[PDB]
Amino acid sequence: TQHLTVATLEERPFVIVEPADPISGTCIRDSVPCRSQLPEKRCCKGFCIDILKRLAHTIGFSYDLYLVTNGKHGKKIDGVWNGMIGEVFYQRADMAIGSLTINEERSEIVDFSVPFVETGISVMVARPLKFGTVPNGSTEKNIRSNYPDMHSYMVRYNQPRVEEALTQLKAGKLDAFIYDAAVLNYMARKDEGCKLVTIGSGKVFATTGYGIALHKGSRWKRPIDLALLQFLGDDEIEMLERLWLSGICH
């Protein structure tokens, strides 16, 4: 009635994972304990974690937070979901929160909260063509669905995570990195020497948002929605944007 199991996934700066304080053995500052799918030990912080803390306090629930090890955000393969979406769909978690993109395919099988971060797809370049994404998420899904020819060309340039993609772009092994807009634009704002930009001064293609995934028909959607909408109006989400997503490059 009031304890929720919450799945999440590291994606800085929305979810950042760090070891517990070696001195105290606890999660200090603004961090909260989070265990692996596989209190204290690993600690989680970030924009989405601050949202979660506020939801817990406002609605009045306790929670158990864990990091997904079975895939990442969510992909359906041969009829089976993995990642955060899978955790919710198979009811291993009451909800999933992180940089989780709302799309049609996912919306069919889980309920999403109202979106609380605007996102989409952007293209990052250094300030035949080699362009890649990190596969298995909403970006690859969109490209495969709407631009199958281009998708087929991108497969050999798949990257394992954002950090490697950025390294490859900087080194010229990629000419462009195509990825979630909210993350890419943050990375552009934080880039050493400001050598990386997103096309169109941050143009967002395929506009959508991050949402909290809940069981289809979850009794939690309404309270979560009201709280998020309340946060938006109290300028609380704007504060969190300034706190977590600001950078110096512009």
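Just so we're on the same page, rigid core means the largest C-alpha set that superposes within 1.5 Å between forms. Residue numbers run from 1 along the displayed sequence.
Note on 200-208 and 182-190: with rigid core alignment, C-alpha atoms in 4 other deposited structures of this protein sit farther from this form for 200-208. Compared with other deposited structures of the same protein, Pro33 does not meet the criterion of being unmodelled in at least one third, since all of those that resolve residues on both sides include it. Unmodelled residues of the deposited sequence between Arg156 and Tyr157: none, the chain being continuous. Look at the C-alpha B-factors of 25-33 and of 51-59. On average they run higher in 25-33. Comparing the deposited coordinates for 207-215 and 184-192, the stretch with the larger average C-alpha B-factor is 184-192.
Among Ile97, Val88, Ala126, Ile121, the highest C-alpha B-factor recorded in the PDB entry belongs to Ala126. When the modelled residues of the chain are ordered by C-alpha B-factor, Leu226 sits in the middle third. In the PDB entry, a CA B factor belonging to the lowest third of its chain's modelled residues is recorded for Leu67. Split the chain's modelled residues into thirds by C-alpha temperature factor. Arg92 is in the middle one. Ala171 sits in the highest third of its chain by CA B factor, as recorded in the PDB entry. Per the PDB record, residue ranking by Cα B-factor puts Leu240 in the middle third of the chain.
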